[PDB]
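Only one chain is shown below, in structure tokens, and it's the form deposited in one PDB entry.
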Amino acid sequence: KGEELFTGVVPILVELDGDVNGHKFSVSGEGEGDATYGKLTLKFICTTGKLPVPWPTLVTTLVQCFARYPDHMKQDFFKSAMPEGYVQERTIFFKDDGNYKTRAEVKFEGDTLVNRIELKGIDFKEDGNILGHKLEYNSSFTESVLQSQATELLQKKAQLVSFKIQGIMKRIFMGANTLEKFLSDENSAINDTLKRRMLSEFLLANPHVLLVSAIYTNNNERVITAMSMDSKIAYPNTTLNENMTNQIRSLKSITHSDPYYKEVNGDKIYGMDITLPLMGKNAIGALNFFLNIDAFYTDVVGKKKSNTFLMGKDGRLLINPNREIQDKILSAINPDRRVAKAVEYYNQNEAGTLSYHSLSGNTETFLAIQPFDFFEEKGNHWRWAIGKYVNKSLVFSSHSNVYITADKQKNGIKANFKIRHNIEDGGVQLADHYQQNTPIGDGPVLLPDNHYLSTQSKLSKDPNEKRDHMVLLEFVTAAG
């Protein structure tokens, strides 16, 4: 198949042997490609010293075997040939200057995908744009002064709310203590009308609790429920289940359920049940209440819409400004696998920050997460977290649509596209790309129909790298 190889993160290795008007140069590269989202993160260094040409000119040459091919896209010669290897040849003509001629072998060497390049450049003008180094590098602070301090503030705020949320729950469990004592009293003369009052007060003191129930499994098998509506307490006549009974007889310590939507009063209220056993010496019943998680909305998000969420086990979204995503796993909805670091902070109970990219588009959200236990006695199992995030638009350096057409004669594919390089204090230098891709050996390729690769590239710099270098974030999505 070939596509099977590209199912997660694959290590990238790049090697370039280069001559440009007699100027010989060598470039080595390393990184990782994930062809699920079609993301590549690569770093290149110049092993020969100073690059004779500007780094932006080498991006297209310095791995489309990845790329996010939609399902609509039948599928993808790049992958079909990867069991072995394909040859990517290009000529790149620079307007009013020389041309690059390029030959690339793209072959799996072990588990690492290795791009091995020969590059020849002739007819270039010394003191021109390329050899005279007059091109821009980046997309015309921020990550330091703003991003760090922004995330820094995020955590103090995430801690501040955390305290509050532990406050509410402290009051609720405290009320549940008093009710347990009262309800665990098996005295005949304590009528139900008086149990209903004690149930009502617990609710009245805690409006984050929708519902409460005294369940008895001893001899007078019954359930006394009070439910809090709109300034109204009512007493529904709940019936006992043979499964719920015996399970209550078996309960020994306080527990909770997984969050769910309670289908009550024609409404979907998100929450969990908290069950406390009433006594436990070989178990009169249980005090259970339904914690209304929806009621913490203003406590977590705020009175105004803000970038804050409440997170439960396995990074479930308990509270989130976007209601349509509630009760969904954070890792599930977001592609960037760096989002899994949130659930680790959660489980560790250690506050920390994490960064993740948006889909295959252009946005990086900086997240702070603040775990906390909302019930300390039992213990792991009683932990939430608050995430305060900051979404930022990611300005890319280059964009171009690589129109790829099937060949036939060479059981391969062909493509043509233009790249526009910005000049320092000036205008634009166009590079016409012409691309030929054929396989190395015998075997069935997958000759496509007619489609374009929406490539996107960001060029950053490593502050610690001591040699001429280039770091690269690419987003290669297929569409047509």
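All residue numbers refer to positions in the sequence shown, first residue = 1.
Trainee: How many missing residues of the deposited sequence lie between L62 and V63 in the entry, grouped as none, 1 to 3, 4 to 9, or 10 or more?
Mentor: The entry has 1 to 3 unmodelled residues between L62 and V63.
Trainee: Can you tell me how many deposited residues have no coordinates between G379 and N380? The categories are none, 1 to 3, 4 to 9, and 10 or more.
Mentor: Gap between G379 and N380: 1 to 3 unmodelled residues.
Trainee: Which wins on mean Cα temperature factor, 322 to 330 or 289 to 297?
Mentor: The recorded data point to 322 to 330.
Trainee: Can you tell me whether 392 to 400 has a higher mean C-alpha B factor than 266 to 274 in this record, or the other way round?
Mentor: Comparing 392 to 400 with 266 to 274, the higher mean C-alpha B-factor belongs to 392 to 400.
Trainee: Have a look at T193, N99, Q149, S213 and flag the one whose Cα has the highest B-factor in the entry.
Mentor: Largest recorded C-alpha B-factor: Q149.
Trainee: Comparing recorded Cα B-factors across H256, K313, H72, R337, which one is largest?
Mentor: It is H72.
Trainee: Relative to the other modelled residues of the same chain, rank the CA B-factor of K39 and answer lowest, middle or highest third.
Mentor: It belongs to the middle third of the chain when residues are ordered by C-alpha B-factor.
Trainee: For the chain shown, is the CA B-factor of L153 in the lowest, middle or highest third of its modelled residues?
Mentor: According to the entry, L153 has a C-alpha B-factor in the chain's highest third.
Trainee: Going by what the PDB entry lists, where does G121 fall on CA B-factor within its chain: lowest, middle or highest third?
Mentor: It falls in the bottom third of the chain.
Trainee: Would you check the entry's CA temperature factor for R420 and let me know if it's in the chain's lowest, middle or highest third?
Mentor: Middle third - that is where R420 ends up once the chain's C-alpha B-factors are sorted.
Trainee: Quick check for you: using the entry's CA B-factors within this chain, is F108 in the lowest, middle or highest third?
Mentor: Its C-alpha B-factor belongs to the highest third of this chain's values.
Not on display, but discussed next: the form deposited in another entry.
Trainee: Flagged pair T363/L135: C-alpha distance shifts by 3 angstroms or more in the other form. Which direction, closer or farther?
Mentor: Distance between the C-alphas of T363 and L135: shorter in the other form, by 3 Å or more.
Trainee: Look at the CA atoms of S457 and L367: state whether they lie closer or farther apart in the other form than in this form, given a difference of 3 Å or more.
Mentor: Result: closer.
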